[PDB]
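FYI the Cβ positions are ideal-geometry reconstructions off the backbone, even for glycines, and counts take in every protein chain you see. What is reported rests on the model, the rules as stated and the sources as named; these are not laboratory values.
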Amino acid sequence: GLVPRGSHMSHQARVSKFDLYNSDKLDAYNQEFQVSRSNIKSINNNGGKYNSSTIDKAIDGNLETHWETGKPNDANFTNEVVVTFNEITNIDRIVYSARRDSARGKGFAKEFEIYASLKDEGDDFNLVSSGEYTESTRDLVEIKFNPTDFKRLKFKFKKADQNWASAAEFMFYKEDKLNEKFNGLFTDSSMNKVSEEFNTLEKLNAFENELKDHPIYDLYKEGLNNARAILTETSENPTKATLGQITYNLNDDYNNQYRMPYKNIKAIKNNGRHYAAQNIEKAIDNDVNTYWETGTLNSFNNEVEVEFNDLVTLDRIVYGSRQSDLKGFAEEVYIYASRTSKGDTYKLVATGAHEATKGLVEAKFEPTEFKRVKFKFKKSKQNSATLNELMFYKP
Ligand SMILES: CC(=O)N[C@@H]1[C@@H](O)[C@@H](O)[C@@H](CO)O[C@@H]1O
Ligand SMILES: [Ca+2]
Ligand SMILES: [Ca+2]
(Lines give C-alpha, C1' and ligand atoms only; values in the text may rest on other atoms or scores of the structure.)
(Ligands and ions follow the chains in the order given, each with its own letter.)
Protein backbone atom coordinates (compact mmCIF):
# COMPACT_ATOMS: atom_id res chain seq x y z
CA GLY A 1 0.00 0.00 0.00
CA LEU A 2 1.29 3.40 -1.11
CA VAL A 3 0.19 6.50 0.72
CA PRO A 4 -0.87 9.76 -1.05
CA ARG A 5 2.11 12.06 -1.64
CA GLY A 6 0.13 15.31 -1.69
CA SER A 7 -1.00 17.21 -4.79
CA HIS A 8 1.42 19.09 -7.05
CA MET A 9 -0.19 21.11 -9.84
CA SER A 10 5.82 27.68 -7.68
CA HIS A 11 8.06 25.38 -9.79
CA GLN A 12 9.12 23.37 -6.73
CA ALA A 13 9.18 19.62 -7.40
CA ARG A 14 7.43 17.08 -5.18
CA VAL A 15 10.01 14.50 -4.09
CA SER A 16 8.91 11.28 -2.43
CA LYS A 17 10.08 7.70 -2.00
CA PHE A 18 9.36 5.59 -5.10
CA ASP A 19 7.83 2.71 -3.11
CA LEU A 20 6.24 1.40 -6.33
CA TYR A 21 9.60 -0.24 -7.10
CA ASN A 22 9.30 -2.99 -4.45
CA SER A 23 5.95 -4.16 -5.84
CA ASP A 24 4.92 -6.97 -8.21
CA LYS A 25 3.04 -4.23 -10.10
CA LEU A 26 6.18 -2.43 -11.29
CA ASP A 27 6.27 -4.05 -14.75
CA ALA A 28 2.61 -3.28 -15.46
CA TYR A 29 3.22 0.25 -14.20
CA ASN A 30 6.26 0.78 -16.45
CA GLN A 31 4.46 -0.63 -19.48
CA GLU A 32 1.93 2.19 -19.23
CA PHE A 33 3.85 5.11 -17.75
CA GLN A 34 7.64 4.71 -18.07
CA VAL A 35 9.56 6.30 -20.92
CA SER A 36 11.22 3.27 -22.52
CA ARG A 37 14.97 3.07 -21.96
CA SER A 38 15.07 2.63 -25.74
CA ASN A 39 13.96 6.27 -26.14
CA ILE A 40 17.08 7.52 -24.38
CA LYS A 41 19.52 8.35 -27.18
CA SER A 42 22.58 9.60 -25.28
CA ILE A 43 23.88 11.11 -22.03
CA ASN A 44 26.70 13.46 -21.13
CA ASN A 45 27.88 15.33 -18.05
CA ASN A 46 30.34 18.11 -17.23
CA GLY A 47 32.40 16.41 -14.48
CA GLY A 48 33.79 13.28 -16.18
CA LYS A 49 33.72 10.00 -14.23
CA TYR A 50 35.55 8.28 -11.37
CA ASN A 51 37.43 5.19 -12.54
CA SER A 52 35.07 2.94 -14.51
CA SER A 53 31.86 4.52 -13.21
CA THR A 54 30.95 5.81 -16.69
CA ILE A 55 27.97 8.07 -17.44
CA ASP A 56 26.20 5.37 -19.52
CA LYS A 57 25.84 3.45 -16.24
CA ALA A 58 23.35 6.10 -15.05
CA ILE A 59 20.87 5.02 -17.77
CA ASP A 60 21.54 1.31 -18.32
CA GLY A 61 18.45 -0.02 -16.50
CA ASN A 62 20.59 -1.46 -13.73
CA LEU A 63 20.27 -0.03 -10.21
CA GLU A 64 23.43 -1.99 -9.36
CA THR A 65 25.59 -0.01 -11.79
CA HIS A 66 26.27 3.68 -11.20
CA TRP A 67 27.93 6.74 -12.66
CA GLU A 68 30.12 8.75 -10.31
CA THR A 69 31.60 12.13 -11.26
CA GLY A 70 35.35 12.57 -11.69
CA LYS A 71 35.07 16.10 -10.26
CA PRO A 72 33.16 16.76 -6.98
CA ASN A 73 31.01 19.85 -6.48
CA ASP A 74 32.86 22.79 -4.96
CA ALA A 75 32.23 26.51 -4.47
CA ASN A 76 32.97 27.03 -8.17
CA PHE A 77 31.71 23.83 -9.85
CA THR A 78 28.28 22.20 -10.00
CA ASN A 79 27.92 18.72 -11.49
CA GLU A 80 25.21 18.35 -14.12
CA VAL A 81 24.03 15.55 -16.39
CA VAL A 82 22.29 15.99 -19.76
CA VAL A 83 20.07 13.27 -21.25
CA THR A 84 19.09 13.40 -24.93
CA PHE A 85 15.89 11.63 -26.02
CA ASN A 86 15.38 10.14 -29.51
CA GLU A 87 12.43 12.48 -30.04
CA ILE A 88 10.75 15.29 -28.10
CA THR A 89 9.26 13.50 -25.09
CA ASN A 90 6.65 14.62 -22.53
CA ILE A 91 7.85 13.91 -18.99
CA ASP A 92 6.53 14.86 -15.54
CA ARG A 93 8.75 12.69 -13.33
CA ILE A 94 12.31 11.55 -12.78
CA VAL A 95 12.95 8.46 -10.67
CA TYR A 96 16.49 8.68 -9.32
CA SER A 97 18.88 6.86 -7.01
CA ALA A 98 22.41 7.63 -5.92
CA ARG A 99 25.00 4.83 -6.12
CA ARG A 100 23.95 1.65 -4.34
CA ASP A 101 27.37 0.02 -3.89
CA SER A 102 29.45 0.03 -0.70
CA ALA A 103 29.30 3.84 -0.58
CA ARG A 104 25.52 3.80 -1.03
CA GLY A 105 23.97 7.27 -0.89
CA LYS A 106 27.24 9.13 -1.50
CA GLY A 107 26.63 11.81 -4.15
CA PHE A 108 22.83 11.88 -3.68
CA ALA A 109 21.25 14.99 -5.23
CA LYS A 110 20.01 16.55 -1.95
CA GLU A 111 19.15 19.65 -4.00
CA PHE A 112 18.70 19.74 -7.76
CA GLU A 113 17.41 21.73 -10.73
CA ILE A 114 15.81 20.39 -13.91
CA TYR A 115 16.07 22.21 -17.26
CA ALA A 116 14.46 21.57 -20.65
CA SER A 117 15.67 22.10 -24.19
CA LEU A 118 13.70 21.31 -27.34
CA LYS A 119 16.97 21.41 -29.31
CA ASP A 120 19.75 18.83 -29.71
CA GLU A 121 22.54 21.38 -29.21
CA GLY A 122 23.08 24.90 -27.81
CA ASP A 123 22.70 26.40 -24.34
CA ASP A 124 19.04 27.42 -24.59
CA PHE A 125 18.02 25.50 -21.45
CA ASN A 126 15.08 26.83 -19.43
CA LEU A 127 14.46 26.04 -15.75
CA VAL A 128 11.61 23.56 -15.35
CA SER A 129 11.78 22.75 -11.63
CA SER A 130 13.91 22.91 -8.47
CA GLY A 131 13.68 20.46 -5.59
CA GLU A 132 15.29 18.92 -2.54
CA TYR A 133 15.18 15.74 -0.48
CA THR A 134 16.33 15.76 3.14
CA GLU A 135 14.99 12.40 4.36
CA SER A 136 17.78 10.05 3.24
CA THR A 137 20.51 9.65 0.63
CA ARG A 138 19.88 5.92 0.21
CA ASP A 139 16.35 6.17 -1.22
CA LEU A 140 14.99 5.71 -4.72
CA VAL A 141 12.93 8.90 -5.11
CA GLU A 142 10.21 10.13 -7.47
CA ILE A 143 10.76 13.74 -8.53
CA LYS A 144 7.48 15.12 -9.85
CA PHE A 145 7.07 18.43 -11.69
CA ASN A 146 4.78 19.96 -14.32
CA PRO A 147 4.52 17.75 -17.46
CA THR A 148 7.07 19.14 -19.91
CA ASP A 149 8.43 18.37 -23.39
CA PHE A 150 12.15 17.57 -23.58
CA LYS A 151 14.56 16.91 -26.38
CA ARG A 152 17.29 17.24 -23.74
CA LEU A 153 16.80 17.18 -19.97
CA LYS A 154 19.53 18.72 -17.82
CA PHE A 155 19.79 17.62 -14.18
CA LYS A 156 21.99 19.79 -11.93
CA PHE A 157 23.42 18.52 -8.63
CA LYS A 158 22.89 21.80 -6.79
CA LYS A 159 23.88 19.93 -3.62
CA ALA A 160 25.41 16.45 -3.75
CA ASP A 161 25.94 14.44 -0.57
CA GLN A 162 29.71 14.60 0.05
CA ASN A 163 30.03 16.51 -3.26
CA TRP A 164 30.84 13.43 -5.38
CA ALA A 165 27.63 13.39 -7.47
CA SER A 166 26.52 9.86 -8.39
CA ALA A 167 23.56 8.12 -10.03
CA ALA A 168 22.59 4.45 -10.06
CA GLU A 169 19.71 5.29 -12.42
CA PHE A 170 17.77 8.17 -13.89
CA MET A 171 14.39 6.91 -15.09
CA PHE A 172 11.71 9.00 -16.79
CA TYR A 173 7.92 8.81 -16.50
CA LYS A 174 4.95 10.31 -18.32
CA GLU A 175 2.10 11.96 -16.43
CA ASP A 176 -0.22 9.60 -14.58
CA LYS A 177 -3.43 11.56 -14.01
CA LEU A 178 -5.23 9.00 -11.84
CA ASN A 179 -2.09 8.60 -9.73
CA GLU A 180 -2.10 12.38 -9.22
CA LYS A 181 -5.80 12.28 -8.26
CA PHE A 182 -4.82 9.69 -5.62
CA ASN A 183 -1.94 11.93 -4.52
CA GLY A 184 -4.58 14.61 -3.78
CA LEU A 185 -6.82 12.38 -1.61
CA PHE A 186 -6.04 14.39 1.56
CA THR A 187 -5.81 18.14 2.16
CA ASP A 188 -2.26 18.12 3.55
CA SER A 189 0.69 15.97 4.63
CA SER A 190 -1.06 15.14 7.91
CA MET A 191 -3.57 13.10 5.85
CA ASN A 192 -6.29 13.57 8.47
CA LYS A 193 -8.81 15.43 6.30
CA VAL A 194 -10.12 14.14 2.97
CA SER A 195 -10.03 16.60 0.05
CA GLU A 196 -13.31 18.18 -1.05
CA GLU A 197 -13.57 16.11 -4.24
CA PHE A 198 -13.56 12.87 -2.19
CA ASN A 199 -15.16 14.16 0.99
CA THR A 200 -18.15 11.79 1.05
CA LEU A 201 -18.47 8.00 0.88
CA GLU A 202 -20.36 8.47 -2.40
CA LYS A 203 -17.46 10.46 -3.85
CA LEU A 204 -14.78 8.19 -2.36
CA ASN A 205 -16.40 4.92 -3.48
CA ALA A 206 -16.87 6.38 -6.97
CA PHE A 207 -13.15 7.24 -6.95
CA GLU A 208 -12.21 3.72 -5.85
CA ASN A 209 -14.25 2.38 -8.75
CA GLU A 210 -12.51 4.84 -11.11
CA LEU A 211 -9.09 3.41 -10.11
CA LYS A 212 -9.97 -0.27 -10.55
CA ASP A 213 -8.27 -0.82 -13.94
CA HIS A 214 -5.16 1.14 -12.92
CA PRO A 215 -1.92 -0.99 -12.82
CA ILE A 216 -1.25 -0.16 -9.16
CA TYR A 217 -4.90 -0.18 -8.00
CA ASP A 218 -3.98 -2.76 -5.34
CA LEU A 219 -1.45 -0.34 -3.79
CA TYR A 220 -4.05 2.45 -3.72
CA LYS A 221 -6.37 0.41 -1.47
CA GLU A 222 -4.56 1.30 1.76
CA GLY A 223 -4.91 5.05 1.14
CA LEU A 224 -8.54 4.67 0.06
CA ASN A 225 -9.25 2.71 3.26
CA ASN A 226 -7.52 5.44 5.28
CA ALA A 227 -9.82 8.05 3.69
CA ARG A 228 -12.86 5.87 4.36
CA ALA A 229 -11.87 5.50 8.02
CA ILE A 230 -11.61 9.28 8.30
CA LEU A 231 -14.99 9.85 6.60
CA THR A 232 -16.65 7.38 9.00
CA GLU A 233 -14.83 8.45 12.17
CA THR A 234 -16.92 9.01 15.28
CA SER A 235 -16.33 11.61 18.00
CA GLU A 236 -13.69 10.58 20.54
CA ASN A 237 -15.20 9.15 23.71
CA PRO A 238 -12.34 8.48 26.20
CA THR A 239 -13.12 6.44 29.30
CA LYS A 240 -11.23 5.42 32.41
CA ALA A 241 -9.82 1.94 31.84
CA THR A 242 -9.86 -0.76 34.55
CA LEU A 243 -6.34 -2.02 35.25
CA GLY A 244 -5.47 -5.31 36.99
CA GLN A 245 -2.79 -8.01 37.26
CA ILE A 246 -3.53 -10.95 34.97
CA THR A 247 -2.00 -14.35 34.24
CA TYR A 248 -4.06 -15.42 31.19
CA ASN A 249 -1.04 -14.59 29.00
CA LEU A 250 0.29 -18.00 30.12
CA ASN A 251 -2.75 -19.72 28.61
CA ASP A 252 -1.77 -20.72 25.06
CA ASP A 253 -5.27 -21.81 24.03
CA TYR A 254 -6.74 -18.56 25.36
CA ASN A 255 -4.09 -16.59 23.45
CA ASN A 256 -4.98 -18.44 20.23
CA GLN A 257 -8.56 -17.20 20.51
CA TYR A 258 -8.18 -13.78 22.13
CA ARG A 259 -4.65 -12.43 21.68
CA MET A 260 -3.75 -10.52 18.54
CA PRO A 261 -1.01 -12.55 16.75
CA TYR A 262 2.43 -10.94 17.09
CA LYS A 263 2.68 -11.44 13.31
CA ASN A 264 0.07 -8.66 13.00
CA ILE A 265 2.67 -6.17 14.26
CA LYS A 266 3.91 -4.19 11.24
CA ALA A 267 6.21 -1.84 13.17
CA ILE A 268 7.02 -0.43 16.60
CA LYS A 269 8.59 2.87 17.64
CA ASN A 270 8.78 5.41 20.47
CA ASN A 271 9.71 9.08 20.93
CA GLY A 272 12.43 8.70 23.56
CA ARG A 273 14.99 6.31 22.00
CA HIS A 274 16.37 3.79 24.52
CA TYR A 275 19.00 3.19 27.24
CA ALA A 276 21.89 0.77 26.55
CA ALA A 277 20.77 -2.24 24.47
CA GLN A 278 17.25 -2.19 25.97
CA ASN A 279 15.76 -1.40 22.54
CA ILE A 280 12.08 -1.18 21.58
CA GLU A 281 11.72 -4.48 19.64
CA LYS A 282 12.02 -6.41 22.90
CA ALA A 283 8.83 -4.88 24.23
CA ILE A 284 7.22 -7.24 21.69
CA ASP A 285 9.48 -10.32 21.53
CA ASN A 286 7.09 -12.48 23.60
CA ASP A 287 9.57 -12.80 26.48
CA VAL A 288 8.71 -11.37 29.89
CA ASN A 289 12.43 -11.35 30.76
CA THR A 290 13.53 -8.97 27.98
CA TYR A 291 12.44 -5.32 28.14
CA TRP A 292 12.65 -1.93 26.43
CA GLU A 293 13.88 1.06 28.44
CA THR A 294 13.67 4.65 27.18
CA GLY A 295 16.70 6.79 26.31
CA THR A 296 14.91 9.98 27.36
CA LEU A 297 12.80 10.27 30.54
CA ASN A 298 9.47 11.76 31.64
CA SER A 299 9.77 15.56 31.80
CA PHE A 300 8.06 15.16 27.94
CA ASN A 301 5.92 12.03 28.10
CA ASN A 302 7.25 8.71 26.85
CA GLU A 303 5.03 7.10 24.22
CA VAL A 304 5.19 3.84 22.28
CA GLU A 305 3.50 3.43 18.91
CA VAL A 306 2.61 0.06 17.38
CA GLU A 307 1.45 -0.27 13.78
CA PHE A 308 -0.71 -3.22 12.77
CA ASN A 309 -0.94 -4.96 9.40
CA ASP A 310 -4.65 -5.66 9.79
CA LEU A 311 -7.07 -3.42 11.64
CA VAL A 312 -8.15 -5.25 14.80
CA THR A 313 -10.82 -4.63 17.45
CA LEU A 314 -9.23 -4.66 20.92
CA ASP A 315 -10.65 -4.24 24.40
CA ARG A 316 -7.45 -4.92 26.37
CA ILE A 317 -3.81 -3.95 26.31
CA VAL A 318 -1.51 -6.00 28.55
CA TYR A 319 1.85 -4.62 29.67
CA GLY A 320 4.50 -4.85 32.35
CA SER A 321 7.65 -2.96 33.36
CA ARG A 322 11.22 -4.19 33.67
CA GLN A 323 10.86 -7.02 36.17
CA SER A 324 14.11 -6.42 38.11
CA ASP A 325 13.09 -3.23 39.96
CA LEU A 326 9.88 -2.10 38.18
CA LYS A 327 11.66 1.08 37.04
CA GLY A 328 9.54 2.87 34.43
CA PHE A 329 6.27 1.02 35.05
CA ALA A 330 3.45 3.03 33.49
CA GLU A 331 1.57 4.02 36.66
CA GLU A 332 -0.73 6.19 34.54
CA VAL A 333 -1.58 5.46 30.90
CA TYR A 334 -3.24 7.14 27.95
CA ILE A 335 -4.30 4.77 25.18
CA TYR A 336 -4.75 6.27 21.70
CA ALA A 337 -6.27 4.55 18.64
CA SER A 338 -5.85 5.31 14.95
CA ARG A 339 -7.92 3.60 12.24
CA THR A 340 -5.51 4.75 9.52
CA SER A 341 -2.15 3.22 8.57
CA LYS A 342 -0.57 6.69 8.48
CA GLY A 343 -1.32 10.29 9.35
CA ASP A 344 -2.24 12.43 12.35
CA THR A 345 -5.48 10.61 13.12
CA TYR A 346 -5.12 9.28 16.68
CA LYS A 347 -7.93 9.78 19.20
CA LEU A 348 -7.90 9.16 22.97
CA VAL A 349 -9.50 5.83 23.87
CA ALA A 350 -8.89 5.45 27.59
CA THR A 351 -6.98 6.67 30.64
CA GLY A 352 -5.83 4.24 33.33
CA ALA A 353 -3.78 3.92 36.52
CA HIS A 354 -2.23 1.07 38.52
CA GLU A 355 0.45 0.76 41.20
CA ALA A 356 3.71 -0.73 39.92
CA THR A 357 3.66 -4.53 40.23
CA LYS A 358 5.58 -7.56 39.01
CA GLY A 359 3.90 -9.66 36.32
CA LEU A 360 1.54 -8.31 33.67
CA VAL A 361 -1.33 -5.82 33.91
CA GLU A 362 -4.35 -5.52 31.64
CA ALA A 363 -5.85 -2.15 30.80
CA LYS A 364 -9.45 -2.93 29.90
CA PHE A 365 -11.58 -0.44 27.97
CA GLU A 366 -14.49 -0.27 25.50
CA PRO A 367 -13.96 -2.39 22.32
CA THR A 368 -12.17 -0.11 19.85
CA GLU A 369 -10.79 -0.54 16.32
CA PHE A 370 -7.02 -0.07 15.98
CA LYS A 371 -4.94 0.10 12.83
CA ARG A 372 -2.27 1.68 15.03
CA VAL A 373 -2.03 2.17 18.79
CA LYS A 374 -0.27 4.76 20.95
CA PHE A 375 0.69 3.83 24.51
CA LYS A 376 1.45 7.01 26.49
CA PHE A 377 3.35 6.97 29.79
CA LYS A 378 1.34 9.61 31.66
CA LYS A 379 3.04 8.95 35.01
CA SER A 380 5.76 6.32 35.43
CA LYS A 381 7.42 5.14 38.64
CA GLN A 382 10.83 6.91 38.70
CA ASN A 383 10.09 8.97 35.55
CA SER A 384 11.59 6.20 33.43
CA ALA A 385 9.70 4.16 30.84
CA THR A 386 9.99 0.39 30.41
CA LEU A 387 8.11 -2.47 28.73
CA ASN A 388 8.87 -6.17 29.07
CA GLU A 389 5.86 -7.08 26.92
CA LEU A 390 3.07 -5.20 25.18
CA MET A 391 0.16 -7.44 24.19
CA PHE A 392 -3.23 -6.81 22.58
CA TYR A 393 -6.40 -8.76 23.41
CA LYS A 394 -9.80 -8.90 21.67
CA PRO A 395 -13.28 -8.85 23.34
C1 LIG B 1 34.08 2.71 -2.00
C2 LIG B 1 34.21 4.20 -1.97
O3 LIG B 1 33.85 4.87 -1.01
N4 LIG B 1 34.76 4.78 -3.04
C5 LIG B 1 34.87 6.23 -3.13
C6 LIG B 1 35.00 6.64 -4.60
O7 LIG B 1 33.88 6.13 -5.32
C8 LIG B 1 35.22 8.15 -4.73
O9 LIG B 1 34.11 8.88 -4.19
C10 LIG B 1 36.49 8.52 -3.95
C11 LIG B 1 36.80 10.00 -4.01
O12 LIG B 1 38.06 10.29 -3.37
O13 LIG B 1 36.33 8.16 -2.57
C14 LIG B 1 36.05 6.78 -2.32
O15 LIG B 1 37.22 6.04 -2.68
CA1 LIG C 1 22.81 1.94 -13.59
CA1 LIG D 1 10.19 -8.79 25.92
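For segment 217-232, the count of residues that are surrounded by 12 or more Cβ atoms within 10 Å (Cβ to Cβ), away from ligand 3 (no atom under 16 Å from the Cβ) and assigned to a loop (DSSP other than H, G, I, E, B) is zero. In segment 67-81, the condition of being in a strand (DSSP E or B), surrounded by fewer than 19 Cβ atoms within 10 Å (Cβ to Cβ), of a type in the set (D, E, K, R) and within 16 Å of ligand 1 (Cβ to nearest atom) is met by at least one residue. Only one of the numbered conditions (1) in a strand (DSSP E or B); (2) more than 22 Å from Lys119 (Cβ to Cβ); (3) not basic (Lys, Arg) is violated by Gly61, and that is (1).
Out of all the residues in segment 165-192, which are within 16 Å of ligand 2 (Cβ to nearest atom) and surrounded by 21 or more Cβ atoms within 10 Å (Cβ to Cβ)? Working first, answer last.
Narrowing segment 165-192 to residues within 16 Å of ligand 2 (Cβ to nearest atom): 165-172.
Once the filter is applied, which keeps residues that are within 16 Å of ligand 2 (Cβ to nearest atom) and surrounded by 21 or more Cβ atoms within 10 Å (Cβ to Cβ), segment 165-192 yields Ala165, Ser166, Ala167, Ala168, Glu169, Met171, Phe172.
On the given criteria, is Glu111 farther than 18 Å from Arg138 by Cα and more than 16 Å from ligand 1 (Cβ to nearest atom)?
Working: farther than 18 Å from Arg138 by Cα: no; more than 16 Å from ligand 1 (Cβ to nearest atom): yes.
No, not satisfied.
Of all the residues in segment 90-126, those that are within 31 Å of the chain's Cα centre (by Cα), in a strand (DSSP E or B) and among the polar types (S, T, N, Q) number 2. Scanning segment 281-306 for residues that are aliphatic (A, V, I, L, M) and surrounded by fewer than 18 Cβ atoms within 10 Å (Cβ to Cβ) yields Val288, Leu297. Taking (1) closer than 19 Å to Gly359 by Cα; (2) in contact with a strand residue (DSSP E or B) (Cβ under 7 Å, 6 or more places away or on another chain); (3) within 15 Å of ligand 3 (Cβ to nearest atom) in turn, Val306 satisfies each apart from (1). Here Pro4 fulfils each of the conditions (1) away from ligand 2 (no atom under 16 Å from the Cβ); (2) not in a loop (DSSP other than H, G, I, E, B) apart from (2). Just one of the numbered conditions (1) closer than 30 Å to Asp310 by Cβ; (2) in contact with a helix residue (DSSP H, G or I) (Cβ under 9 Å, 6 or more places away or on another chain); (3) assigned by CATH to the domain that holds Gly47 is not true of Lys144: (1).
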